[PDB]
Amino acid sequence: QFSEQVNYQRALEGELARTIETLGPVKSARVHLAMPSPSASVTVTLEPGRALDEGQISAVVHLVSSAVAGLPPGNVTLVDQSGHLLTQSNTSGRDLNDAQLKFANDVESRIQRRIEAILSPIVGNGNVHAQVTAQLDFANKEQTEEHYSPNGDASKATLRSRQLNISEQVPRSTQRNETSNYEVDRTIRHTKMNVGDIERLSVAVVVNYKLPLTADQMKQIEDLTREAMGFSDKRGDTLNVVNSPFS
Amino acid sequence: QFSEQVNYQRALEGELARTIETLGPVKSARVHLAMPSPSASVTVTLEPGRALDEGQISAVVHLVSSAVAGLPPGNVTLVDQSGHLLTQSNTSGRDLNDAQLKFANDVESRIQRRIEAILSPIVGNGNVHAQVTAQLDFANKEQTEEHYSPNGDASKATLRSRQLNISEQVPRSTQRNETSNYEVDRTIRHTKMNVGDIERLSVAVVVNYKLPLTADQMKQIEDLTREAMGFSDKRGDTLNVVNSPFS
Amino acid sequence: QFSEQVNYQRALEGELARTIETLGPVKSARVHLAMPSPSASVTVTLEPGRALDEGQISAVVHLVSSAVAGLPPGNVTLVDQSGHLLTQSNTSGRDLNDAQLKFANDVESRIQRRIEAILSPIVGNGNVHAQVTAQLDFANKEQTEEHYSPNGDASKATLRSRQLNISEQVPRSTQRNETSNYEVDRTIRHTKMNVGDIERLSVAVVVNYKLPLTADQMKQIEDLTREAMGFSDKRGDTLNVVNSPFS
Amino acid sequence: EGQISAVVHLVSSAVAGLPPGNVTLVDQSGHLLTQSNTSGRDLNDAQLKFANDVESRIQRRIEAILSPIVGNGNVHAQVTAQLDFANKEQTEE
């Protein structure tokens, strides 16, 4: 019964390593599994004069992380024929953070690619450059308001019950008890903010000469960029456009 | 008994990979299953000089996600013969924010494609460019109002019970007790806001010269875009149209 | 049954050692496992005239730590054909101060090269030398604030209940009981500081003669490296720049 | 990224007992190309590799917005960022 779940694992390892071989840069792989939480250790041997890129590692990681039951991609270990541990594995902590750099590099790559496109026709195909910086927010934030509406005014209160004894005598020994149980308007927001929204934008744009550009001809260039960003003084965005001869 | 549910899985993998082969661009597939939450890892080898499109990936994902019991499409891993992990529902770095850009692009692509299309007949085919920026909202928001109607005015209250004792003597030692048990109107909305609604738009439109365009002719060009946008100042949209010769 | 889980371990050891052989600098490996806590002991025999680098050790450590169920990389022992225990983790009196020195040498290395890169253009490709020392902070430290906002002022209290009894007779025999129950707004931070922050930098910078450099030319050289440092008086950093003929 | 290991192993192997983790490659524009990895926690260094990328970006950005103004090589810029890796939380009410 034990040599049942072992003669099988030895076949999985030999099957998983037959696909990683049929993968291009890899000449021959060699994978061992550790199923008792599980782990794996691929040992690819790249073709002569080749090296797996940064996104070609996740190809071989997920190729094994998914073909094995319950194996996260944080346990797969990839190693070349020249040492060179390619996976991160070893750090159980501050991985998955370059992701927040890649992402922030795309949020800015777009605003940049856009500003050039909306400004290249006016000033020329290559007479303008623009760089973008975006302070993002990755704080996992939640919220739960629970607003009520005031009912201090009788004219807009909503009684559910009400008791009201009003004695009197005449020695004007009066009296007035009262009870009240209200019902209350009750809103309940429950947000869960988006991880990756933009906190503040800062964009600098250089535009070539012609011979400088006219004051208005620049002011109208400033306002286009003010739109290609989504310039919002709420966020505290900062734009700075300058015209200067290129080289 | 174990080699029963393993000799079978080895046949499923060999059957699933025989169909993905008969799929056009794919020359030979190689799938492993991880049935224990399950997973799969296809390893298609596209035909010489071919590449699966963005909707041709879901073809091969759902082709396997559905042929295996209890396997969501977020666990299927597709990989070419050149590395290149094609899926993403497999990564867990952020795995979502990277898709909010590919969405906010499309929202902006439409309003861009639309704006030029409403203007291309007026000012010529290529004599106009527009770029759109959309600040979307991906905050998973909810709500639950619970409104009541003010039954303060006895002329629109709704008693369920009532007990009005009264006394009097004559030293006008009166008395007046009174209970009440109202019934109350009670609305309950329960919204679950949409994730992806536009919060603010900023559009910049450049139009070519002909010679400049007429003063009023700009206002009519501005208004068309104010419509093709869906401009709603309540959202704080911003539009800026300029006219300057192209190159 | 025992010779079942032993005939298997003897095969794992022979399989694990067949991959470490196919690894470049290694000519022949020899691994023993210690299943029960666990452990391993690789005994690589490097090729004639070779030595595993500092990152080539983790290649062979994780190559075995991952191929064995429940084996952390702190239990793998790597040894050459010339003694030379390459791992540590087995050398554990503290197992950590061996690292704080190497790590503190990296932090000081970064700041050093950066002061050499920002300054070499002004003064020459070799006419500047800098040395950095960094008092790091490796004290594990947590924290938990629990702030409350003051509600002594009634105009900003949040009553949850109340009971304001009053009396009087007129010989003014007054009386005024009063209870209260407040709701209190309560921030709760919970930090967990970083192990490896910088406490203080001290940087010494020598620059060659030209002929003694000018005061302004020195005044600005001090201002630049003050930024390449990250000089912050709060930390009480210390920078000392001197100009003196080299040799 | 694979042309660096070409020049690293070209020297790591031509010298007796020199691992590739000790070879340092530098351009004519600063830009330390190597880095490797240290030991002990294998995480504190991960806060340096990260803190280096955050600074390389702001550097690549500053030179790319100035190169047109002043010339393809007439500007250098070095960035030093004090990051913050304190795992913080909070709960207002």
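A few notes on this one:
- Looking across A:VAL184, A:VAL207, one residue alone is more than 7 Å from every other protein chain (Cβ to nearest Cβ), closer than 30 Å to B:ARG186 by Cα and of a type in the set (A, V, I, L, M). It is A:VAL184.
- Against the test of being surrounded by 13 or more Cβ atoms within 10 Å (Cβ to Cβ), farther than 30 Å from A:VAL241 by Cβ, under 13 Å from the mean Cα position of the chain (by Cα) and of a type outside the set (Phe, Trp, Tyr), the options D:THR34, D:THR38 yield a single qualifying residue, D:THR34.
- Listed by position, the strands (runs of 3 or more DSSP E) enclosed by the range A:148-247 that each have at least 1 residues that are in contact with a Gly (Cβ under 8 Å, 6 or more places away or on another chain) are A:159-163, A:197-207.
- Whichever residue in the range A:217-241 is loosely packed, with under 13 Cβ neighbours inside 10 Å and either out of contact with any strand residue (DSSP E or B) (no Cβ under 6 Å at 6 or more places or on another chain) or within 10 Å of chain B (Cβ to nearest Cβ) (or both) and, among such residues, is farthest from A:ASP197 (Cα to Cα): A:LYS219
- Taken together, the residues in the range C:202-212 that are under 17 Å from C:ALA130 (Cα atoms), surrounded by fewer than 17 Cβ atoms within 10 Å (Cβ to Cβ) and not β-branched (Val, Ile, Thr) amount to 3.
- Checking C:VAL76 against (1) within 24 Å of the chain's Cα centre (by Cα); (2) surrounded by fewer than 21 Cβ atoms within 10 Å (Cβ to Cβ), the condition it does not meet: (2)
- Scan of the range A:1-28 for residues that are within 10 Å of chain C (Cβ to nearest Cβ) and under 19 Å from C:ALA59 (Cα atoms), ordered by number: A:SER28
- In summary, B:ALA139 fulfils each of the numbered conditions (1) farther than 30 Å from A:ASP153 by Cα; (2) more than 9 Å from every other protein chain (Cβ to nearest Cβ) with the single exception of condition (2).
- Residues of the range B:1-20 that are of a type outside the set (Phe, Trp, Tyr) and exposed (fewer than 11 other Cβ atoms within 10 Å of the Cβ): B:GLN1, B:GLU4, B:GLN5, B:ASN7, B:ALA11.
- Within the range B:18-42, if we keep just the residues that are touching an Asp or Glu at 6+ places or on another chain (Cβ under 9 Å) and basic (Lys, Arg), the residue that is farthest from B:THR87 (Cα to Cα) turns out to be B:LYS27.
- When the range C:188-216 is filtered for residues that are hydroxyl-bearing (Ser, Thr, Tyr) and in contact with a strand residue (DSSP E or B) (Cβ under 9 Å, 6 or more places away or on another chain), the ones remaining, listed by number, are C:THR191, C:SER202, C:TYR209.
- Check on A:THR158, at the interface with another protein chain (Cβ under 10 Å from one of its Cβ atoms), β-branched (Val, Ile, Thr), farther than 20 Å from A:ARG235 by Cα and crowded, with 17+ Cβ neighbours inside 10 Å: yes
- If you go through the range A:29-46 and keep only what is farther than 15 Å from A:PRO72 by Cα, in contact with a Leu (Cβ under 6 Å, 6 or more places away or on another chain) and more than 9 Å from every other protein chain (Cβ to nearest Cβ), you end up with nothing.
- Here the helices (runs of 4 or more DSSP H) wholly within the range B:1-87 that include at least 3 residues being under 30 Å from A:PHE2 (Cβ atoms) are B:4-7, B:9-21.
- Screening the range C:47-79 for residues that are over 21 Å from A:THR91 (Cβ atoms) and in contact with a strand residue (DSSP E or B) (Cβ under 6 Å, 6 or more places away or on another chain) and picking the one that is farthest from the other protein chains (Cβ to nearest Cβ) gives C:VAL79.
- A:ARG94 under 24 Å from the mean Cα position of the chain (by Cα), within 23 Å of D:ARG57 (Cα to Cα) and away from chain D (no Cβ under 13 Å): no
FYI, it's all coordinate maths here, none of it is from the lab. We place every Cβ from the backbone using ideal geometry, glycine too, and count neighbours over all the protein chains shown.
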